[PDB]
Amino acid sequence: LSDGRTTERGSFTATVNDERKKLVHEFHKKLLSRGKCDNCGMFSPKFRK
Amino acid sequence: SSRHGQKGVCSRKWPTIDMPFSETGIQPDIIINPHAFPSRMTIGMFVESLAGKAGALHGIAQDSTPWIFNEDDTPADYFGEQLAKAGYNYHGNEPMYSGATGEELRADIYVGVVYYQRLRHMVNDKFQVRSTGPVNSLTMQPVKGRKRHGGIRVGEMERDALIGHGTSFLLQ
Amino acid sequence: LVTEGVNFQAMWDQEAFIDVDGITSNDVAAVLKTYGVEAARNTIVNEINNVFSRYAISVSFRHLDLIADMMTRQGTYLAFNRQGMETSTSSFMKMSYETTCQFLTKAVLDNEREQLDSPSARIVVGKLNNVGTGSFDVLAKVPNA
Amino acid sequence: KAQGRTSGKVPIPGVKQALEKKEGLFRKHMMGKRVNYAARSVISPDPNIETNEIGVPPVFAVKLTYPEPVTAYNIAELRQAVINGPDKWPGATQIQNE
Amino acid sequence: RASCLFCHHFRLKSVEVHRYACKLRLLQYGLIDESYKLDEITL
Amino acid sequence: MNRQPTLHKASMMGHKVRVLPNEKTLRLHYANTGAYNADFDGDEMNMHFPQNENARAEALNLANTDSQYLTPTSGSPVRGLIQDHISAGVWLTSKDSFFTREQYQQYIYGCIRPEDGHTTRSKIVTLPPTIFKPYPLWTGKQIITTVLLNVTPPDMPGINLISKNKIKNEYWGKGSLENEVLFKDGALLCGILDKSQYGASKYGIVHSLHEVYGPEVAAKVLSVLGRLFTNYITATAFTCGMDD
Amino acid sequence: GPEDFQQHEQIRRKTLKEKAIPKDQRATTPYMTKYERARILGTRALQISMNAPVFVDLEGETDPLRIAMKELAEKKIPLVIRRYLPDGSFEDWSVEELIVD
Amino acid sequence: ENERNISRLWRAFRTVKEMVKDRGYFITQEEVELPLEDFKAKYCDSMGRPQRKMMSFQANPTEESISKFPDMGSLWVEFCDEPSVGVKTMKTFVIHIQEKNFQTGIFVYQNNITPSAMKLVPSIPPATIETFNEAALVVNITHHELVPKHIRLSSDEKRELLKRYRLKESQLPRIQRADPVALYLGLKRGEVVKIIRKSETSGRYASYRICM
Amino acid sequence: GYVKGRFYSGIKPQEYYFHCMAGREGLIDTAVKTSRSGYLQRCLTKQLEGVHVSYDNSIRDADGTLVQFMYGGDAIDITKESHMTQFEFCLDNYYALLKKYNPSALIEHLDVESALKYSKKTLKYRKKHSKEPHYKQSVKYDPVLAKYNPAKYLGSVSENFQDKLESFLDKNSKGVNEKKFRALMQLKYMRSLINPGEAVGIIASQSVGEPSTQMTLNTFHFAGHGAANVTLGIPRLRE
DNA sequence: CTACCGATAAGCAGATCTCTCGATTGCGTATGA
DNA sequence: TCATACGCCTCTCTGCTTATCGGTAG
RNA sequence: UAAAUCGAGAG
Ligand SMILES: Nc1ncnc2c1ncn2[C@@H]1O[C@H](COP(=O)(O)CP(=O)(O)OP(=O)(O)O)[C@@H](O)[C@H]1O
Ligand SMILES: [Mg+2]
Ligand SMILES: [Zn+2]
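- Deposited coordinates in this entry are attributed by the record to cryo-EM, at a stated resolution of 3.4 Å.

This is how it looks when you write it as structure tokens:
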């Protein structure tokens, strides 16, 4: 922010949008992957629609 | 249109004086450009014109069912004989004079009589003009339809062509 | 020598018969994978040109060069469809393109603020375009005191 | 997404269906709109116009107008147009006040 | 899905979700390189 | 003035308006048909009227039909006379065509009307005949030469162009050189003006006139040539028949 | 009257000043593009139609666009063109320095 | 068969030499233009074994390259004699990387690599360990007619380009970090490359891409 | 299907049937192709509607992401490119072209020496290094277009155009000297530059879509035996 | 031994220019007349 | 006996996404 | 003045 590479509103371009989308998709896939919540080690019911 | 798929809107009502009169005094009631023929190859119109001219000269009706003539009985010869017997040109041509300059044209003009049909696509059922008329309700844009005094549509392609010119104010 | 399939590494061993330097392939994805983005752009231009040339139609290479550069603007073999469209700052353009519902949720979940840059967004909001006569402003030199 | 239909006649489109397809709101009402001050007719040739003009029929010439503001230089022409009126070309159909 | 009803957190590790949050915060301002350089702080 | 489908830029230009008080069709010149891809066919096309000064000045300058002489697809020209003007030019520019003084002057004034601003000079200037005796006789190539010399602005040299046309030298006889179009100091001296000169043809007389004198002079030349070949086609009409 | 508007005005003018490219270092085309010419003519015609003062001799002319073209030929149009660069910086050319065709 | 294997090994060795020379380390035409006879004389045993232990080398930067990139340091090229990638065999080189204080390391394996190494390659920062394949280096990709010339830009040149075109780092055309030429050039993320395309309408013209 | 008749003497019944078959196929294909090209053109123009020429002579999308640093590498308009190679025509109408261009009034706002000097240096460099492999051609002098703005520096022309001009001036030894002709043609190159704000993406999409509506006019069916048989035309564009 | 990681097999979802006319619009049922 | 309001009353392409059978380290 | 479906057409 100090040297001018980015303002306080944040720089948003196509490639950073693509990287953010890929990261979020991978984050969701990893979230939905593994059960057995490691914060407390308890199985959870599996939902369905 | 003729009976060989030669479309075309009437362009102008050419006055009889400006119409190119022939030697006998006949001024044609319909002029068709000779350039329409080479691309469509409607030689049936060429045969029909001279066949009808011979029929009108001799007071007879000429049949035109397909596959009566062959390569040894060509209809061009068959009706050119009748034209020559009647006393006209064997090839259906006619000495013609321009109605504006009065001098004989460079070549012998091809004249004849062909059956012509008036199509139902009159210009009185196709033209629209709107300055400010009724509008929609949920979009406030002009309504659709000629009978409703509605405007015409500029689509995605028209908008693209309007910005392709670089014309932004035209688009707006 | 032409084949009926793409696998570059196989013909790399046959240097004695085949000159491995001039191996140009019809496929673009394999060329991108094994040679790089720039070779993919070159083969995209060549493939999009040889179809026109075979039909005796001339298209200047600026158009094909622009198309190839836009298609490989991320270093990947993109396309002109919604699956190669979502990477764009302006959302209104994609919503106007197609799948208006899907692109609306993807833009409202992350609070995607758009600056009205593409012509589609400016058309939606009724703003003067930025291409052509709208790529600049006009000021007046008023001689006050 | 609606569930429940035995015979029916037509399933009422949702608000999403009003903005989605080619007939939806977007592609039919902002990517392209019906326009005021525009005409349409059949074309006929005319080799006597200067290869850059259009032959405007007098029927179109009495309906399509342009909002010329009156000035010191425009006063005579616009006065004559107003006097001629909306039926005699060239003429005026409205006089928008200030 | 991918949530815990007992401890009321995600079934992912807190460290993993913290790493993802840090990466997303870096990408918010456009530090597309610092996001990848953050992965090598396993220590 | 737009026709659907608009496949490219040229299918939507901006024409000036000429109020013809006869009937109810939009009357279009013959050069625009190549770009609009229409025939006088029952074909229909819209006519939008911009309502502010910016759009007026920006359809008169950026979108006007003069600026769309060359399509951006490959740079090839898209305007030009189409069907009978080509045949009229082929017949007029052949060396078999000679015109007396009256015919020459009438043909020139039928297209170079100085009252409307067709020619820069206030006085129409002509050329000496190609045959002084027994009696004066001009030529069709002389007609083209003086047409160009009247529309071309003065204080500027003529067009020095060397081109070709589609009719081979064998069609005109033996030892003929009518396949090679030659312009020297703005005077046509060899070859006929077929489609390869005016129309959808590259490096023709109209293309060279455009590239030398701007697009407005090329448009004026196109209009003047279309008017000249129209008036020549009424005097000596072109016809086709069964004998052909 | 708060400083919560004075600060915003000051920062807006500061950002605008940092955006402007000085006359000594503008590196754009000295010629006037066709789009610039068309927009200048249209805007000048609008101003003339809205009863703005004119400087040229109105030799029996009634079209504001024609008057604008005459002024552009005489280079008496009092308008400044703010060419915009992709980042946001701008250079303030005027019609006088810009040369046509 | 051993003759063909030795030919492939020599082609891979020449490709590695050319890659290092392009990257900007002091490699002369010797050990690059090495004929097959010389390769058999030097890097072959009494029977014809490849003896990849002896073809490992350390490459030092040129003076011009040092001036261009002051932070550039020495590089090590390691050839895997083991047919697969072994954890201990790779760990020896990995620890030697900082034992000798090597800023960059090049790894060439025969067939495949364990995926614990993929988690282990970014274990000694800022030292970079780039891995390659023996079958992927048989033909130099940059020698292809279609592939243009890629030149890495220094910090000064990249800053000058960004200031001239008033760009952000992310608005340039992107080149994948897994691109075959990106691996060739060893581009870090954020390093702008220069491409000299042989355009059909302009001959030589320079285009720029950023690695991200 | 090989009919021996002609439209002047008429065609037999079987020949009539075969010709009707062929005409029906032609009309079916004509109907299909127009609808086929529309989706391609629409997708192309929807994606490329924003990219335009900026004031840096570098074309880029609406948001700002750079696509090309120069339009085609030379930034010259396709419409005005027509008579930039016609050196014979330009030499013949030198006087008319000079009257059109007026280099006298285009001096006080132009720089003439730096671009020309760099162009000569680069030309000599390439001529010295011409006989070099593509990969070994280490770049020391970039093309003059890269540094000097072609719309402000006379002589900053393309490598192709400069090579063609030099070859013409060397092969054709002609009152016009080589210096004045070179200056005139460099001014012509400067004036034949694409303007900032051009909708280059729209132009490219239209110029790629509209010629595809004239497809399948020439059939050239793969009558060869064991040939490539690559997909051709609209399907190939779709792929 | 067994969980994280992939590599198919199957299903799912979204796609495949303008303009003018004309015609048409549900059974089914159940109680207050 | 019998009419209008209420209640419903089967021959094309591209991906993405989820589930399930194989493998490696710990 | 509407809106949808089907049918017939023009370029
Ligand atoms: N599906 C469609 N989309 C767009 N335009 C269509 C169309 N179907 C028909 N047309 C129009 O029908 C007209 C036919 O013209 P074309 O066949 O292309 C020239 P032509 O073959 O030389 O006709 P000709 O034989 O009468 O001389 C075109 O103007 C075209 O715009
Ligand atoms: Mg038509
Ligand atoms: Zn939990």
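## Focus on the site of ligand 1
Okay, step 1: Surrounding ligand 1, one finds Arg 40 of chain B, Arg 3, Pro 5 and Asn 37 of chain F together with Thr 34 of chain I.
Okay, step 2: This site is not confined to one chain, since residues near ligand 1 come from chains B, F and I.
Okay, step 3: The separation between an oxygen atom of ligand 1 and a polar side-chain atom of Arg 3 of chain F is 2.7 Å.
Okay, step 4: Within the side chain of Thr 34 of chain I, an N or O atom sits 3.1 Å from a nitrogen atom of ligand 1.
Okay, step 5: Notes on ligand 1: free accessible area 660 Å², of which the protein chains cover 40%.

## Regarding the protein's contact with DNA strand J
Okay, step 1: Around DNA strand J sit 19 residues in total, of which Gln 128, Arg 146 and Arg 153 of chain B together with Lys 9 and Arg 34 of chain D are the nearest.
Okay, step 2: Near-protein atoms of DNA strand J (within 4 Å) split between backbone and bases, with sugar and phosphate holding 89%.
Okay, step 3: Here a phosphate oxygen of DNA strand J sits 2.9 Å away from a polar atom, N or O, in the side chain of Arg 153 of chain B.
Okay, step 4: Here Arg 34 of chain D contributes a side-chain N or O atom positioned 2.4 Å from a phosphate oxygen of DNA strand J.
Okay, step 5: A class-by-class count of the residues in the surface near DNA strand J yields three nonpolar, five polar and 11 charged.

## Here we look at the sheet that holds strand β2 (residues 90–94) of chain G
Okay, step 1: Across the sheet, which stays open at both edges, the three strands sit in the order β1(C)-β1(G)-β2(G) with antiparallel pairing between neighbours. Single-partner strands in this sheet number two, and they are β1 (136–140) of chain C together with β2 of chain G. Geometrically, the sheet is characterised by an average inter-axis angle of 25 degrees between neighbouring strands, direction not taken into account.

## Side note on the interface of chain D and chain C
Okay, step 1: The interface is formed by eight residues belonging to chain D together with eight residues belonging to chain C.
Okay, step 2: The contact between chain D and chain C buries some 710 Å² in all, and 75% of this surface belongs to carbon and sulfur atoms.
Okay, step 3: Ranking the residues of chain D by area buried against chain C places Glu 20, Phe 26 and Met 31 of chain D at the top, with a combined share of 59%.
Okay, step 4: At the boundary of chain D and chain C, one finds zero salt bridges.
Okay, step 5: Between chain D and chain C we count one residue pair in polar contact in total.
Okay, step 6: Of the residues that constitute the side of chain D that touches chain C, the class distribution is four nonpolar, no polar and four charged.

What counts, and at which threshold
Residues numbered from 1 in each chain as written, not as in the entry; some residues may be left out. Chains lettered and ligands numbered in written order. Part of a larger assembly, values for the part shown. Heavy atoms only, no water. Near = heavy atom within 4 Å. Polar contact = N/O pair within 3.5 Å; in protein donor to acceptor, adjacent residues only side chain to side chain. Areas by Shrake-Rupley, 256 points an atom, 1.4 Å probe, with all protein chains shown as cover. Nonpolar A, V, L, I, M, F, W, Y, C, P; charged D, E, K, R; others polar. Pairing = 2+ DSSP bridges. Helix = DSSP H or I, 4+ residues; strand = E, 2+ residues; numbered from the N terminus. Axes fitted to C-alpha atoms, helices over the stretch in contact; angles between N-to-C directions. Contact = heavy atoms within 4.5 Å. Buried area = accessible area lost by both parts, 1.4 Å probe. Salt bridge = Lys/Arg side-chain N within 4 Å of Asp/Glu carboxyl O.

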